[PDB]
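Structural features, examined
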Amino acid sequence: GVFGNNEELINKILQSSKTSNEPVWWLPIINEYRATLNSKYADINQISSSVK
Amino acid sequence: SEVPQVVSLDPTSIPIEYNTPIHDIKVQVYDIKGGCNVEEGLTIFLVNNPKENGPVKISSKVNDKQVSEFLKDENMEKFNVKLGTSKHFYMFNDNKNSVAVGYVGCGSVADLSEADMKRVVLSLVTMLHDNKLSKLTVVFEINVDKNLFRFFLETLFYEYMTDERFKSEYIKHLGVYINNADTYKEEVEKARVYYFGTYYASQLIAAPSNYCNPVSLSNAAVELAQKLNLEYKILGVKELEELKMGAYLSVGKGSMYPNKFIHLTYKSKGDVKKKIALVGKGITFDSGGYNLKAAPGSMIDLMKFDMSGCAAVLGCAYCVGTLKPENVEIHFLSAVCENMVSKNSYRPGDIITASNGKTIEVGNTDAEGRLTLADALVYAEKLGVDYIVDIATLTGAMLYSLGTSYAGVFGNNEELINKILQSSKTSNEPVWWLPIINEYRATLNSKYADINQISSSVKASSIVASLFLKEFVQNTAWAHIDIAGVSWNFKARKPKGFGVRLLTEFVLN
Amino acid sequence: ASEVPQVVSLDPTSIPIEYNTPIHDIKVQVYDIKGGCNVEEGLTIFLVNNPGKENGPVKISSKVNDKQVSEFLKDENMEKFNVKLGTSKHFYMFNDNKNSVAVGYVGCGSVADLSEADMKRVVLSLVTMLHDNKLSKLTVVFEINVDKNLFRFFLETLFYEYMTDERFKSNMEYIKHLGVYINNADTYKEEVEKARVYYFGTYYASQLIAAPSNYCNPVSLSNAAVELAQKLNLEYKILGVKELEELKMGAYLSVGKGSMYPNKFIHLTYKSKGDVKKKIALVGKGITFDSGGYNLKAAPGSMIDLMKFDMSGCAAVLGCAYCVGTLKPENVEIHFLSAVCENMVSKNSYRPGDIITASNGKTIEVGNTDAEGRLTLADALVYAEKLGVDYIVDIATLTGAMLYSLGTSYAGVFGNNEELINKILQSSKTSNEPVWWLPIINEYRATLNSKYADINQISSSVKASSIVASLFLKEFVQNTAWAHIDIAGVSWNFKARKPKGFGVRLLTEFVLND
Amino acid sequence: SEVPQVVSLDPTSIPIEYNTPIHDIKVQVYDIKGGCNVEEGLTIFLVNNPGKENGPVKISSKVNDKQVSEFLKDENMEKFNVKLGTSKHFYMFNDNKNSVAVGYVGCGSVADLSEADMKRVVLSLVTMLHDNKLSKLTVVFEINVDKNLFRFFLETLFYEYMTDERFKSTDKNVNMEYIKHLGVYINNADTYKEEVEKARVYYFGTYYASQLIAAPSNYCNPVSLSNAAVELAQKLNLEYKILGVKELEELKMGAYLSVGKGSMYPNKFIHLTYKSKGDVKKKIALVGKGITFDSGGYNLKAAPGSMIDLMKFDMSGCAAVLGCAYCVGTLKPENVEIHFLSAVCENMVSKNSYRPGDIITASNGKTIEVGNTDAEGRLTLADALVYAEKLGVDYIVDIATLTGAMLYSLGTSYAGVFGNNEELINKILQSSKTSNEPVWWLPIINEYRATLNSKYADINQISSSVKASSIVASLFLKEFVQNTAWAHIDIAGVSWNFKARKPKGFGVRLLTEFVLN
Ligand SMILES: CC(C)C[C@H](CP(=O)(O)[C@@H](N)c1ccccc1)C(=O)O
Ligand SMILES: CC(C)C[C@H](CP(=O)(O)[C@@H](N)c1ccccc1)C(=O)O
Ligand SMILES: [Zn+2]
Ligand SMILES: [Zn+2]
Ligand SMILES: [Zn+2]
Ligand SMILES: [Zn+2]
Ligand SMILES: [Zn+2]
Ligand SMILES: [Zn+2]
């Protein structure tokens, strides 16, 4: 799976996937899940409370 | 279509409300130029600050001097725009009439996602449920296209509506202030139709399995068909036997309710230029069969939701039959049954024959959805359609790939897949494209039957299930939407009614 | 009665009940210990302690009327043995007249005040001697201090543990005489026939519980109640399915839907001869087998093979009807209620998620079909309150969690009325069936709020199951003093592999001393 | 005293806040019969309506302002009900032609609010303080409360308002502002006045406890926690000693020492002492469980629902006792002598750990057979109880996160209390009433004692047969108190607020009330 913050770069990876015949598939970074990384005490949680 | 009972107390029909208080709300859209009038009820400004957790600043002119004083920058800067954060105050306006004024923070990103807007609306609804109001006014101080604006209304209507059918005062006016209001007016009634399609689907999903069973669910579809002047046909066990739907029929053998196959048709007045079949998974309760749902986390108490796909298709039938698109013929299908434990149930290991003649080895009686859909797909292709799209709560594995927000779409045809992706964009029901990986196909080779129902090895369940279904469509553009993850809103303890607007947008454009 | 449905013709159609036990043929005499002991017949056993000196030597104080036994009992010989609780020795010998007798002791520890748990150990040690005995008389000599209630407890426990249930089978001989020597004999004598009644009520409850679910089902159990009522001259009524439907007991009927046996609601009545000054309803959980339903008992530790015990509540209420109908208290009207059914897996069973409607009009969202007991109790409670009683007491194997809170010795009691709870606790003391008051914590009530129905059957979150179940039942009692006794932990004796018949004496003492 | 580290980025102390924003709040109490002034930011009426459920709001107070009075007339207010936890905000100009904020919080229909009800009320109030930059709050009491409930209102207002940001860095709340002034209007006010600063003391004890509990195990370890107690003792002028490994060995605390064998931090035994001037009428030992992290040991917490990520909280009892010491050391009660004790260590997995099966010796000569290394608390309490009784005290009270079994008996609201003496138990229950920290009495069932008989050692650590752990645990502890009144408060269920994701600081107020009255 490939995730990213930049469509151009994701596409370079996908194209590199084509020519190297190492199969990769673009998966989304779903921002709705970001709040489950909110920590009561630290800046951020390492893992999610609720999202599997 | 008589609903069998064990005791005389057993329900014989799904209760349905068609006339909801939302349908009595009078909606006006006003242009924001000219300024906002604040005369009654509750006025909410939707506000962002592109900064992070920045202060609230109201831009719009308000044609009331008391309320303008309340909305001046010195006072609003005590509040912030953190997404979903809200405040509202009661006060006297110029006329010494009591009104309430406040805001909903929309954060610090200019273009809200569907998830953000959901959060904004949820905050707005909290205020509506807590205040006896005759009228709500919403002032848009954020940017929003026609589709997101429509989405805001659908969502507001749906979240505002409270389902009370199993229990033993709403606003009468909605005002909207938005820049260039004339362009948005046409979305209002479209929203009302989409709202009810979603709420209707929700009503079937939320209705428990003693209420919503194969007979009462199919009775419900017939009632709907009649109200919309759609052709309808319910196939019963005798018909299904002549049609040799062994995969479908085997799932339902353990039930006290006969299998009921739903087939609604919409045909446009003019020439038909496109034929479509929408196929929904219709398991009214999934106990898992002899592979009982007994493991920790198997969520047996929510398995009334396993008919969500069928619900989605019927909600679409409502929208389509109301908005009357042209040059299309739509078949609405669902192979409805119940997956139970009984002396009559199908067993792990059983070899059954689908209606296209393929023998299947059952490896797990809790992978029932793909067997009923196998026969529904074969049926749909025989209709001679251009597109087959199924929607289904098919694999719990979805929770581990996309989670609870995005449905997955699989398909055998890139054009169809992109049509669904576009429909996902305009309906704001998020879907993501996932691969049908042919290297896994061999794990479905049965030693004895033509094909295995499940893989023993490969844990990529959503993909294997797609690979299974792909065998039952030979020559038609077909896509499959797996909504196992997104159908039920766990936080809110209710259905989303996912899929209706998605499918409808697909049919309409 | 009703016909018991069968699958095959080898299926039993009634519960075998022994009414006339060997226990009833024992003649019981109580003598004052101040006068010395007559040890010329059978097995004589001294109950001895040694205060202060932990595990101290045995020492017999009593004068006996036989020279051979006297020499055996002298200190030089008895100090070979010690008093560690439950430890025993007994010896065969010839008395002065060359007849065969046997003499021993049971240690009662080094603490002067025996608890009921300690007493049970002593009795068990005694029962072990009896289970290998063929002499016709047993004499027990109390060289320890007990009060009236504990003495009655000793007799009841001796009788219950002595009796062995052989109804399902295809060495020793029961004694014909029991002799007791104890201080103040005359004041203890009136406890003997009360103990005999309390014993059989308990034993009768035990026989129903122990009876497996193929023998004991809703039809055979309700039949047994009818037969009991007839032997005791009690008013009875059995409500079948059509009557239950008319009364709208939708929660109760949902639980039974998957069974091959028709639901049977049991209602027996004792009415006193004179003026009636208190009306009580006793309500018993009556699940003749709890498979769990679709939420099947499949997890490790879930104890599915023992789930014939799940009508223990019912058994205890019926055992109480035996005691009450025999002892005939005055000024009281008592109703004995159990909504009996079977919780099974079937095409016809109720499902997780189903919304059902109780007879008081409340709708209930079923979270877990294995939380079946509170559903059947909910309708039974609505039935009881409609009788206009002063007190409703229910008793039930309701929550496994009791095993984690009070364990296998004490039951929990919950209630909406402080006075009724104190009466239960006082009944606990005099019956020596230990109970402990637990709270009904209102803060948890919100967890029962359903999104669609009027109320949830279970909490999703809150793990305090016994409190949550109590909160739920509470919703079906509008304005009557009500208590709930959860015996899921104490009902089955895991070590001895048998029931305790827990509750018969508790409830009987409750109705007798109000 | 020196905290060992693995790498230089390892913390060497617990960050502790003493001067909190709550402490800078000027609090004034006024008598309601003088009438409310409404001049500045946010005035909240606490209002109920007995009998009429969800009944209308009516403001009974005399408000000394025409404009505001006109706003609060019944006619204006009838569209609002008093449903518990409900609030509204009002906005208007007063007589000085100044803008002003006004509102109410519904206190239901029952004239007597429970502590759970009052908590729901404070929570509602607090939401009106968050996300609103106010400099003053005034609360007008139009419900009836006794002096203990009023104090509880303030303690809870203070505690819930305070936001713990010691471990925030790039994510402090940019908009957090605390009021500087709190006004309270109430009937018969000068009776209530002395509750205010007591509330402030009770607030910090709880917050201090809470601060140690929330602090993660890399910050809060036996060295740093015992360092913190010293620091607290110095600030309060309490006598203190910290017993280290070599003195513990001399005291033969083999049970306590075994639990900590596997840790990189040396065991540290905290012993603080408050002594009244004059005649000492009561001597009391308070004993807190101080496992700074409970991994379970070789019986690792690896099962589903084991909550290993929360086990920084296993020092909650010790924190309760240090918080009590703050309150006692601040309020200076007469005629008592208090010892505050905690046998502090970490239960870890190492080549140096104690194993299941080990037989260890307690400081009173009893040999113990360890059946499960994750029942570590009762071992450390065994030695702490033996030490406590050696002080020759009248009452030993211990407080511990001892058994998860509490989640299945009383759940998350009530602590359990066990003991060998009825009078001491009842004093605890009494303190529970006036501290408003709920406790329920639970039995020590002697019949289970036999399941702790060991074949090889004097006694078993755990039961073979009995799933009632809280009771078995208490039976074990009883074995180490020979002739002293002793009670045991099991707070495993209530210590952590799962909904709010933070400590409750449970027990500080309880223990302080116990010591005070
Ligand atoms: C075949 C197994 C892997 C079982 C299921 C498929 P299902 O048909 O029971 C479906 N109803 C489901 C939806 C969401 C959550 C759980 C189950 C699975 O785990 O995907
Ligand atoms: C699995 C849970 C729902 C268990 C209990 C209810 P139960 O009715 O099955 C009862 N029969 C029971 C007794 C003793 C041991 C175990 C089970 C519960 O706490 O709700
Ligand atoms: Zn399934
Ligand atoms: Zn399914
Ligand atoms: Zn059950
Ligand atoms: Zn049960
Ligand atoms: Zn532990
Ligand atoms: Zn611990």
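Residues numbered from 1 in each chain as written, not as in the entry; some residues may be left out. Chains lettered and ligands numbered in written order. Part of a larger assembly, values for the part shown. Heavy atoms only, no water. Residues with missing side-chain atoms left out of burial classes, pairs and counts.

Per the deposited record, the coordinates in this entry were obtained by X-ray crystallography to a resolution of 2.3000 Å.

1. Structural notes on the coordination of the zinc ion (ligand 5)
All names here are of chain C. At this site the zinc ion (ligand 5) is bound by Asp290 (OD), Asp370 (O), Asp370 (OD) and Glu372 (OE), with donor distances of 2.1 to 2.2 Å. Around the zinc ion (ligand 5), the six donor atoms sit at angles spanning 59 to 172°, and that spread fits a shape best called irregular. Written as a sequence motif, the donor residues of the zinc ion (ligand 5) are D-x79-D-x1-E. Here the zinc ion (ligand 5) and the zinc ion (ligand 6) are spaced 3.3 Å apart, with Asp290 acting as a shared donor. Accessibility expressed as a relative area gives 22% for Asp370, which makes it partly exposed. Here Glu372 falls in the buried class, since its relative accessible area comes to 1%. (Donors = N, O, S within 2.8 Å, 3.2 Å for Na, K, Ca; no water. Tetrahedral: all angles 85-135°; square planar, octahedral: opposite > 155°, others 65-115°. Buried < 20%, exposed > 50% of the residue type's maximum accessible area, 1.4 Å probe, protein only.)

2. Re the packing of aromatic side chains
Within the structure shown, the criterion is met by 73 aromatic pairs over all chains. Here the aromatic rings of D:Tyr18 and D:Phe204 are separated by 6.2 Å at their centres, their planes lie at 40°, and the arrangement is tilted. Of this pair, D:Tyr18 sits in the segment before β1 (26-31) while D:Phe204 sits in helix α6 (residues 195-214), and the two are 186 residues apart along the sequence. Summarising the aromatic geometry, the rings of D:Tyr161 and D:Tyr178 are spaced 5.1 Å apart at their centres and angled 70° between planes, so their arrangement reads as edge-to-face. With D:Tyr161 in helix α4 (residues 147-161) and D:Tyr178 in the loop between α4 and β6 (181-186), the pair connects residues that are 17 residues apart, well separated along the chain. For D:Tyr161, a relative accessible area of 4% gives the class buried. Residue classification places D:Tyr178 among the partly exposed residues on the basis of a relative accessible area of 21%. Every member of this aromatic cluster is reached through a ring pair, and the members are C:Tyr19, C:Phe159, C:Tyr160, C:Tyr199, C:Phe200, C:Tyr203, C:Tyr204 and C:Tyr322. Cation over ring: C:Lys231 sits above C:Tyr19, and NZ or CZ is 4.9 Å from the ring centre. Residue placement shows D:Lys235 over the ring face of D:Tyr18; its charged tip is 5.1 Å from the ring centre. (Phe/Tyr/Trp six-rings, centres within 6.5 Å; stacked < 30°, edge-to-face > 60°. Helix = DSSP H or I, 4+ residues; strand = E, 2+ residues; numbered from the N terminus. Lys NZ or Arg CZ within 6 Å of the ring centre and 35° of its normal.)

3. Thoughts on the interface of chain A and chain D
Residue-level contacts link seven residues of chain A with twelve residues of chain D. Of the roughly 830 Å² buried where chain A meets chain D, counting both sides, 43% is carbon and sulfur surface. Summed over the shared surface of chain A and chain D, the result is zero salt bridges. Partitioned by chemical class, the residues of the side of chain A that touches chain D number two nonpolar, three polar and two charged. (Contact = heavy atoms within 4.5 Å. Buried area = accessible area lost by both parts, 1.4 Å probe. Salt bridge = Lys/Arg side-chain N within 4 Å of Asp/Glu carboxyl O. Nonpolar A, V, L, I, M, F, W, Y, C, P; charged D, E, K, R; others polar.)

4. Things to note about the interface of chain C and chain B
Facing 30 residues of chain C, the contacting portion of chain B comprises 34 residues. Looking at the side of chain C that touches chain B, the elements with two or more residues in it are α9 (250-256), β12 (355-357) and β13 (363-365) of chain C. Here the side of chain C that touches chain B is composed, by residue class, of eleven nonpolar, ten polar and nine charged.

5. Overview of the coordination of the zinc ion (ligand 6)
All names here are of chain C. Around the zinc ion (ligand 6), the protein supplies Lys285 (NZ), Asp290 (OD), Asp310 (OD) and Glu372 (OE) as donor atoms, at distances of 1.9 to 2.8 Å. Here the zinc ion (ligand 6) binds six donor atoms, and the angle range of 71 to 172° at the metal identifies the geometry as irregular. Counting along the primary sequence, the residues that act as donors to the zinc ion (ligand 6) give the motif K-x4-D-x19-D-x61-E.

6. Structural notes on the sheet that holds strand β12 (residues 359-361) of chain D
Residue and element names in this part refer to chain D. Read from one edge to the other, the open sheet built from three strands follows the order β12-β13-β17, with strand pairing classed as mixed. The sheet terminates laterally at β12 and β17 (459-460), the two strands that pair on one side only. Sheet topology note: the strand β13 (residues 367-369)/β17 ladder contains two bridges and is parallel. Bridge pairing in β17 places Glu369 opposite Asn460. (Pairing = 2+ DSSP bridges.)

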